[PDB]
Amino acid sequence: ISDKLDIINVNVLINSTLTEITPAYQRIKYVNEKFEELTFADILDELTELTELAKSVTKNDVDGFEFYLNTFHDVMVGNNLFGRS
Amino acid sequence: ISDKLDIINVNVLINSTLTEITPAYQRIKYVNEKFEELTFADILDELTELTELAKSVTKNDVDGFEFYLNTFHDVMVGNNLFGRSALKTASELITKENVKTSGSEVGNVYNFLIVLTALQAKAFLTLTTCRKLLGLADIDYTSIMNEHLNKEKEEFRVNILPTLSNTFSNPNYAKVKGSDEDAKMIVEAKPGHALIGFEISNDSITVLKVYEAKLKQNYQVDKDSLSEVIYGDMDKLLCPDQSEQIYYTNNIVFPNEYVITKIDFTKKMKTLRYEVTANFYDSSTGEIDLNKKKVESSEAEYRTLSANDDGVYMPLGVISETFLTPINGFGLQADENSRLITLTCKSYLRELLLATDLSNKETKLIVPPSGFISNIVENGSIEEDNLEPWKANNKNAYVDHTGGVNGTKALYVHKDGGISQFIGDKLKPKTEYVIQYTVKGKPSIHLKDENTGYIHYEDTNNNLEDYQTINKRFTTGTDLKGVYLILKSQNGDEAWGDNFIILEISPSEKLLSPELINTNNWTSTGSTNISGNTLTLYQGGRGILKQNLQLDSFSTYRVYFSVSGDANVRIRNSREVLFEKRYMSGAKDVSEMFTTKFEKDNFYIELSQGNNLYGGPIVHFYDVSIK
């Protein structure tokens, strides 16, 4: 029973870190997977479809890509409400 | 406490998967539900609103609809921060909360997978529809959709399916009491058919509803061959009521390529004993050959429910995989501490999946129908507003839409014009039938024949202020071809009903018990005399009355004696004994139950009494019989 309780507590802490980090993680993963060829270093179609994305990524907003990067770092280090990393 | 901890851990994992997947899920669900008509294949207003929506859907952003689709797939497969998959946690949950579930774990988890894959497919469909509606260039999302669905089904096949059970039991229970009147049942399928599901329902009378169908490929089912059968003596067979009951529990399991086709319950002397037959089925073709394997309930494991005034808990619900499939195993379990009875079958769904859908093939899985297919009263529920089957004689008694089982269209009657439906042909003579219907008011139902004044079923005088569901049984005996159902109002009042059902229950066979012993086969030795129907052993002689018998395999029998004097009786084999007793002085009358076990060979009854200097007196047997 004590072993089960240890596992449950670890899972609860994982739930907390997920609540904190999952949106930034998912958005970073999507943007990375959708800019592989360009960073790896129909044509006009893909170029326009990725230029729209680029515009959506460099946009300086409260919910911008830079916001998600900074929050990812803060949750990695432990700059949270409760000091968990 | 450990069980509670398991439940809590499963709930925590569900919380994690929710945190990961709930936004994409909600947005996909909303977009799908808001693009139904367009993908189903004020005007300008809705078109402009859906053009704005489409613009909001095809927009390439970090938080676009494609982003949510990709994240949904990634959380389904397990491409997360910590390598957990929504499918694994969903399977864990389902495996835990399978309390009142009708199907198996394989079926439930695969139904979860089906609903999610359908969500994703419809999401891609509405995405393409939006792109077309706006006028943009086709991106052909079929490749991405196929990749996602195939990877998800592969996740399920590899990491989920191997650890799921394929056994399904009955979900619910009901208190019931039945007659111990030597009942018998034979749930049998047509020679070229198989059993695929059962449904036990108890509204007012208990009824079993068995399905049958032909198979095609890899245990698939022929949708153009579904058939139903109804049985009524299911409560009389699984209930002790007054004087105890015995159940021979044993989980028959046949090898693969075999499909159950018959189940014979034989209730002889308060012992419930079922035998199952399984025909051979070729996985490649859809034909079931007449190569049969028969398995019975093993003797050594029987459980007895003692007599109790309260009724026992009999199964209730749909005993069937989430998708109709052949049955590979069958068993019955009984619990005395709770007086529970559970039917538990074992299906082939894993094989069908591994051979078809999980191989990127095609499948048409049939869901257990929640209504009687064999119903002979067309449009009984009266959902189609046009009463083409039914009809009204006089300008009254019409379709009251407000009436009926909540959201339906009931039949109504006011003055003297009754609504009638012709159902004379689709019947049989002297075969039992079950009628059922819900009604409100003061109705009057009659199954009447225009020719001859025979009145099969009649129901009158019922001040049902609220909706009440009547179920009765009856028989038929007349021309039949001129019989039809009629709904009028008692005297002159008004009333309306719905949910008309007339089922043809299969006839129940009476359990025959052979006499087994005849006076003409009494191998006697020593000083002993058989006079008509009496046996006499003389004291002082080393004589005995041995008689050979022929007993079935795992059957039960009852021996009746009326003895006077000191007697000993032993029903036994050469190496096993079924019964043995020396009643000593008192043996006026005695009935004794004895079983056979896995023997059925060289069984004999010995009437004997061994003593030395006892000479003169005699011992007498009367009415010695095995039944």
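Between rounded, prolate and oblate, where does the range B:413-511 land on the alpha carbon gyration tensor, with a ≥ b ≥ c its root eigenvalues, rounded for a/c under 1.5, else prolate if a/b exceeds b/c?
oblate
Return the whole-Å distance between the Cα centroid of the range B:384-447 and the Cα centroid of the range B:255-285.
About 40 Å separates the Cα centre of the range B:384-447 from the one of the range B:255-285.
Quick one: net charge of B:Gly586's neighbours, Cβ under 15 Å, K/R +1, D/E -1?
Computed value for this residue: 0.
Just to confirm the filter: which GluC sites (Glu not before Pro) across the range B:475-527 are DSSP coil and have at most 14 other Cβ within 10 angstrom of their Cβ?
Here the sparse-neighbourhood loop sites are B:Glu509, B:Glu515.
Check each of the chymotrypsin sites (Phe, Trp or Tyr not before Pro) in the range B:572-621 and keep only those in coil by DSSP with at most 16 other C-beta atoms within 10 angstrom; list them in order. Walk me through the numbers before you get to the answer.
Details: sites: B:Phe579, B:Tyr583, B:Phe594, B:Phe598, B:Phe603, B:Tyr604, B:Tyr614, B:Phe621; in loops: B:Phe598, B:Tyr614.
Of the chymotrypsin sites (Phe, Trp or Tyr not before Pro), the ones in loops of the range B:572-621 whose Cβ has at most 16 other Cβ atoms within 10 Å are B:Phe598, B:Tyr614.
B:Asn256: net charge of surrounding residues, Cβ under 15 Å, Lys/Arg +1, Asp/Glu -1, itself excluded?
It works out to a net charge of -1.
Rounded, prolate or oblate: which fits chain A when a ≥ b ≥ c are the square roots of the eigenvalues of the alpha-carbon gyration tensor, with rounded for a/c under 1.5 and prolate only if a/b beats b/c?
It comes out prolate by the Cα gyration axes.
Taking every residue in B:128-139, how many Cβ atoms of other protein chains lie within 10 Å of its Cβ, on average? Kindly include the intermediate steps, with their values, before the conclusion.
Numbers: counts 0, 0, 0, 0, 0, 0, 0, 0, 2, 5, 1, 4.
Whole-number average of other-chain Cβ neighbours for B:128-139 is 1.
Pairs to check: B:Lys209/B:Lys236; B:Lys510/B:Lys581; B:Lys262/B:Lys472; B:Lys270/B:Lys597. Give those whose C-alpha atoms are more than 25 Å from each other in this structure.
With Cα atoms farther than 25 Å apart: B:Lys510/B:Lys581; B:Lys262/B:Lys472.
For each pair in B:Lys184/B:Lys214; B:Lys294/B:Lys346; A:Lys4/B:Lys88; B:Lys59/B:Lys132, compute the distance between the two Cα atoms and list the pairs where it is over 22 Å.
B:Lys184/B:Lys214
In which sequence would A:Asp45, B:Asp309 go, from the one with the fewest C-beta neighbours within 10 Å to the one with the most?
B:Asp309, A:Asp45
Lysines near B:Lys391 by alpha-carbon distance under 16 Å, same-chain residues fewer than 8 away left out - which ones?
Cα-Cα hits under 16 Å: B:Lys409, B:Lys415, B:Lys448, B:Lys488.
If r is the Cβ-Cβ distance from A:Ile1 to B:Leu136 and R0 is 51 Å, what FRET efficiency results, to the nearest 0.05? The partial results should precede the final answer.
On the way: r = 58 Å, r/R0 = 1.15.
Working from the Cβ atoms, E equals 0.30.
As a convention, Cβ positions derive from the backbone with ideal geometry for all residues, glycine included, and neighbour counts pool all protein chains shown. No lab work stands behind these numbers, since they all come straight from the coordinates.
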